[PDB]
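This is what each chain is made of:
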Amino acid sequence: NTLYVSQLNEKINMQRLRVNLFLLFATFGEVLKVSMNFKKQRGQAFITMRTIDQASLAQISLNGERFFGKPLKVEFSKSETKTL
Amino acid sequence: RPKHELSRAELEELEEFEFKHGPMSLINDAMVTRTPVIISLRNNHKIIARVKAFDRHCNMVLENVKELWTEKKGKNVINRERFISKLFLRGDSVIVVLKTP
Amino acid sequence: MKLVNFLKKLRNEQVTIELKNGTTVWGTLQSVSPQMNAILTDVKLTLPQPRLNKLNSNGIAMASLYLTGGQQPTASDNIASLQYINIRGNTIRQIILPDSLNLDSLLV
Amino acid sequence: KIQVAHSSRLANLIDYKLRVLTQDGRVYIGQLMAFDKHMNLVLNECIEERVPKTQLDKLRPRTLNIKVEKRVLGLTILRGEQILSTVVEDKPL
Amino acid sequence: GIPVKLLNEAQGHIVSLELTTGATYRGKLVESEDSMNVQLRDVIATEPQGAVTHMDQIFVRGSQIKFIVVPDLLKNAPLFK
Amino acid sequence: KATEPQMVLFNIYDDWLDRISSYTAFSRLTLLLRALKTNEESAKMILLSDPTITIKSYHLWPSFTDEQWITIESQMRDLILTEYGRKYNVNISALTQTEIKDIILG
Amino acid sequence: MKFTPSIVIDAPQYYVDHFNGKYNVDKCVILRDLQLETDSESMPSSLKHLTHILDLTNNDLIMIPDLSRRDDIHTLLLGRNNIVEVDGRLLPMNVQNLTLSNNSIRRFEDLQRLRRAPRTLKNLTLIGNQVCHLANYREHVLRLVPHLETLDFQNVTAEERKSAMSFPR
Amino acid sequence: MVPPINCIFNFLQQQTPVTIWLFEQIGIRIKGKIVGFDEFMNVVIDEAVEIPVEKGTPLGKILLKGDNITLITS
Amino acid sequence: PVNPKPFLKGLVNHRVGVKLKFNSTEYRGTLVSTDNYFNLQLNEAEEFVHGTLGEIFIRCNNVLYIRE
Amino acid sequence: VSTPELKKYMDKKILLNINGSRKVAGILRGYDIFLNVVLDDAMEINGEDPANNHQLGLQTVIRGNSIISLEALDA
RNA sequence: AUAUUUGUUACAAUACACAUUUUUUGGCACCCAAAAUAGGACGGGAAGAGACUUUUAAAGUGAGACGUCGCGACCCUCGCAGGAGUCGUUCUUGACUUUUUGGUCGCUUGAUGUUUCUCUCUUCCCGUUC
């Protein structure tokens, strides 16, 4: 379900970043969590989706996609999310 | 004598006395005798109203009451009159109530 | 005697609750609490226009009126229409009840 | 929008997102949880919306767009003295 | 009532206060009574016009309180069962 | 308010008879006497309709200049005109003075 | 099927989008893969329920139009929609974002539909549209957008906004 | 500890003159000799003068309501 | 050592002025009766702020002070 | 019903705001259930600290209704 | 071999109690002033000028004060875990303890609300109305 992003623009703000992420991930499926709880930034964001299929699709399509200068490294999460 | 000592009926006799003999007897005698009363609210708007009913808190039911309110801006005055057939009035707004002759 | 017990028998009647703000509420009346908390159903609540060379109305009542979410954008004058407003008792000033009902039956 | 039960008291409605009006012209929107005898109530996720003085002038009679400055304050407890009227915004999850 | 009992459940935690005078007192809640008058410890104060100061101890009258902001994790607290 | 049998004297005519001639005032009385039955509640609605009006202490009738009273008796007739009319089903235009008197007197 | 009132009523308005506002509606059985071929008709059934966000993603909609006055609505997600033109006067003061990815909007058709505004939206995504490819498309989009906070995830550069304003003058 | 109404009783029997501030809306302050009081902190003042806020006019023996009381100051 | 309530019991049917808290208006008249809350009834009152008023009822919350 | 708990405050110099405008500072003496607070050596604080400040009386009592916030400047 | 109904007890819950400084029988109200006709008004954006400010003729638009979240960065910073651990108990629950990114600086005018004082015209573009 969850997709752990990495290698993104740290210079952008938190809320804005979250919004951007939401915008990105709405095409694949219904995004349950807007932004990662830790909010460390610099790539580390967990895009929580309703469906696994949607998540998979996202992983497939947005692997190395141009988001704020740098290519985002998509990957599946190790542990399941608290909301899911 | 404080009110918390009295029993349930002694409060009823106390309220009967306060309405019959007391300040609010001005309103009570006004309700029975069908004498129109003048009421000034805090708002500053005065109603000429006949009192159908009244109560401890002074909230009262008036029928055919006429409301008189004036307003001024930079010393330019206008007098406005508003007629309502039925009124229930909450008693906290009133200040002075007089019984017309 | 508590005269609020009268209002309890006025249920399901068209009424205006005219508040301390000057805000007036036309609506169908539902159960009135012993503290005179008055709960209505289909209500059009507004503020009168003092004319007087367009003297400024209540500034707090306009904000409280737009903040009900019921004021529609295209209303020329200042009004709002909404369902289910619940009004605290101490806010009421006057209540204008309909002309049809008879008091002699209800005031007992 | 939303139709509230024709007879529904403050006890009947719980967890509905409400819209609360105070004496000062500000509004607290959020889920109601508890309330009390004197009607001071507890909102879960609440945002106070306010009307700008320039916005208030715009509201005076002549499509209007008001900029309503609002700030988010979670799990508050209001005071019955300040509350003026209450309206229903949404229905529970 | 539950609303006051939740305020008693918030003792020893950072809370926010809005007085009807317009000020804002945010700080740690030491005491609270059933009259809603509370006393707060090591509290940052915001005057109605925005000037912010700091005071170590404060006692406020409950009648003058407007809203109280309580830590969110008290939402699921057993009072609401 | 009387719990005992007694004789009490009051004047039905009050102001109107004092203002207007005696033949006409009985007629204005009879226009009223028919009417208050047809005015179940609007009587106090129409008689008090001008709130400036007050009832004199000795008198029973609302004391007034008598122009609205001519309007009051006319409105009241129309309430009698429709209530007599609706039961038999007559148009308001079909109503004539000979019918209007037959409504008044019958 | 076609976007009716019944469908709207049916739609799951329980799970609120917690990023901003409340009531993230998804029209029909599911707005994601609803297949609304015609324009978004029967918008009045929602009645401005609630930054109210509506997800229309994976649907057949040709035109971004036919809305009822929605005061709340702040977010539109329209991804995988065959949008061609989105000209309207209903949703003007309202709305803070618009996601238009993977649609059919023209570079000139998108520019024409808005007609320009002194202030509008705040977040906009036009990605995977034919128009974005078009030469000077970013400059044209910035000039059309008039006021804008974003353009396909990258903010119009302050200097770019100044140069675009000069082009407009 | 000195309860406040005890202190007021010490204003009654000690016959000390007191100045008393009213609410900020009224704009006058009263001063006189506090004689006796009730549970509601409404007090009778003998030989009281009302000063606007020293040409104020003398009042009398006057009962003053406790609702408008702000300060009672010697 | 007179307290307020016996002070009102001693001022019955005497000429008393009462200053309200608002306009600095005082009603000058013969007191009739008082309630527990110190509601006031007056006869032959006159409003000073100039007029003459037959009978008066004054609610307790609006009075500022009572004098003779 | 319940007495307010000032018990740690008494005998300590305390500032408290009377109404919207006012701020009085004095050594707290006693208090009651309505919060009526009697204190001694009262001083009315103003913008200019030494200048516009003027003492009130040897003993001053305050109606609890006009009390907004009470801060102790002290241990 | 043939879950429903009836009675009792408890809990939740609605209708009958309180006008005296801590919530519901009010410290209430007031700044004041601005459109009328028979191509025309009104709003928004951009430019010019007057009058304002600053320097010794040349530069932008009523002025001075709290905060609020933001545009840049010559900086810091590793990078995948509201939850976490323990014990009881059996395939995920309770009881007891540890405690939020942003930590900052400019703004060569972010962008924007309070509060005091004093006194706009011209041109173009876009919407509404007759």
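Everything that follows concerns the structure shown earlier in this document.
Residues numbered from 1 in each chain as written, not as in the entry; some residues may be left out. Chains lettered and ligands numbered in written order. Part of a larger assembly, values for the part shown. Heavy atoms only, no water. Residues with missing side-chain atoms left out of burial classes, pairs and counts.

Colleague: What am I meant to see in the overall build of chain G here?
Modeller: In terms of helices and strands, chain G carries five helices and four strands. Each helix and strand of chain G, placed in order from N terminus to C terminus, yields the pattern α-β-β-β-α-β-α-α-α. Computed over the C-alpha atoms, the radius of gyration of chain G is 16 Å, within 12% of the 15 Å expected from 2.2 N^0.38 for a compact globule of 169 residues. (Helix = DSSP H or I, 4+ residues; strand = E, 2+ residues; numbered from the N terminus. Rg over C-alpha atoms; globule rule 2.2 N^0.38 Å.)

Colleague: What exactly am I supposed to notice about the overall build of chain I here?
Modeller: Summing up its helical and strand segments, chain I has one helix and five strands in all. In sequence order, the secondary structure elements of chain I are arranged as α-β-β-β-β-β. Computed over C-alpha atoms, the radius of gyration of chain I comes to 11 Å, within 12% of the 11 Å expected from 2.2 N^0.38 for 68 residues, which places it in the range of a compact globule. Structurally, chain I occupies a C-alpha span of about 35 × 20 × 20 Å along its principal axes.

Colleague: Would you mind showing me how to read the pattern of salt bridges here?
Modeller: Opposite charge on two side chains permits pairing when their charged atoms draw close. A salt bridge links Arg-19 of chain D to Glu-89 of chain D; the shortest N-O distance between them is 3.3 Å. Put simply, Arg-90 and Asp-92 of chain B together with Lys-20 of chain C are held in one network by salt bridges that share partners. (Salt bridge = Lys/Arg side-chain N within 4 Å of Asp/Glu carboxyl O.)

Colleague: What is the right way to read the packing of aromatic side chains from this model?
Modeller: What describes a pair of aromatic rings is the distance from one ring centre to the other and the angle between the planes of the rings. Seen in terms of ring centroids, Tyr-28 of chain D and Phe-67 of chain E are 5.6 Å apart; in terms of plane orientation they differ by 75°. Their pairing is edge-to-face. Residue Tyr-28 of chain D is found in strand β2 (residues 27-31), and its partner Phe-67 of chain E is found in strand β5 (residues 65-69); the two belong to separate chains. On the numbers, 3.5 Å between centres and 20° between planes, the contact of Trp-16 of chain F with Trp-69 of chain F is stacked. Of the two residues, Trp-16 of chain F is situated in helix α1 (residues 15-19) and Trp-69 of chain F in helix α4 (residues 67-88); the sequence distance between them amounts to 53 residues. Taken together through their ring pairs, the aromatic side chains of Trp-16, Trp-61 and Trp-69 of chain F make up a single cluster. For the cation-ring pair, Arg-28 of chain I lies above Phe-48 of chain I, with the distance from its terminal atom to the ring centre recorded as 5.6 Å. Its guanidinium or amino end placed over the ring of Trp-21 of chain H, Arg-22 of chain J lies 5.1 Å from that ring's centre, counting from NZ or CZ. (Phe/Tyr/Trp six-rings, centres within 6.5 Å; stacked < 30°, edge-to-face > 60°. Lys NZ or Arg CZ within 6 Å of the ring centre and 35° of its normal.)

Colleague: Which parts of the structure should I look at to understand the arrangement of the chains?
Modeller: The pair of protein chains exhibiting the most contacts, out of eleven pairs of chains in contact, is chains C and D. Over all C-alpha pairs, chain B and chain J never come within contact, reaching a minimum spacing of 15 Å. There is no contact between chain F and chain J; across them, the least C-alpha separation is 44 Å. (Contact = heavy atoms within 4.5 Å.)

Colleague: Can you help me understand the pairing of strand β1 (residues 13-18) of chain J in this one?
Modeller: Looking along a regular strand, one sees side chains alternate from face to face of the sheet. Residue and element names in this part refer to chain J. Here four bridges tie β1 to strand β2 (residues 24-31), and the two strands are oriented antiparallel to one another. Paired with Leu-15 across the strands is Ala-25, a residue of β2. Connecting β1 to the next strand, β2, in antiparallel fashion are five residues, including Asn-19 with a positive phi near 70°. Inspection of the sheet shows β1 paired to strand β6 (residues 67-72) by four bridges, in the antiparallel sense. The partner of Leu-15 across the bridge, within β6, is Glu-71. (Pairing = 2+ DSSP bridges.)

Colleague: So what exactly am I meant to see when it comes to the pairing of strand β3 (residues 42-50) of chain D here?
Modeller: In the sheet, β2 of chain D pairs with β3 of chain D via three bridges, with the strands oriented antiparallel. Of the residues in β3 of chain D, the one forming a bridge with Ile-29 of chain D is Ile-47 of chain D.

Colleague: Please clarify how the interface of chain D and chain C should be interpreted in this entry.
Modeller: Bring the parts together and some accessible area is lost; that lost area is often taken as the interface size. Between chain D and chain C, the contact holds 39 residues from the first and 35 residues from the second. Where the side of chain D that touches chain C is concerned, the elements lending two or more residues are β1 (17-22), β3, α1 (53-59) and β5 (83-88) of chain D. Here the side of chain D that touches chain C takes six residues from β5 of chain D, the largest share from any one element. Taken together, the residues of the side of chain D that touches chain C break down into 18 nonpolar, twelve polar and nine charged. Where strand β5 (residues 85-87) of chain C meets β5 of chain D, three bridges bridge the pair, whose relative direction is antiparallel. Residue pairing for β5 of chain D: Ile-87 of chain C is matched across the bridge by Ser-85 of chain D. (Nonpolar A, V, L, I, M, F, W, Y, C, P; charged D, E, K, R; others polar.)

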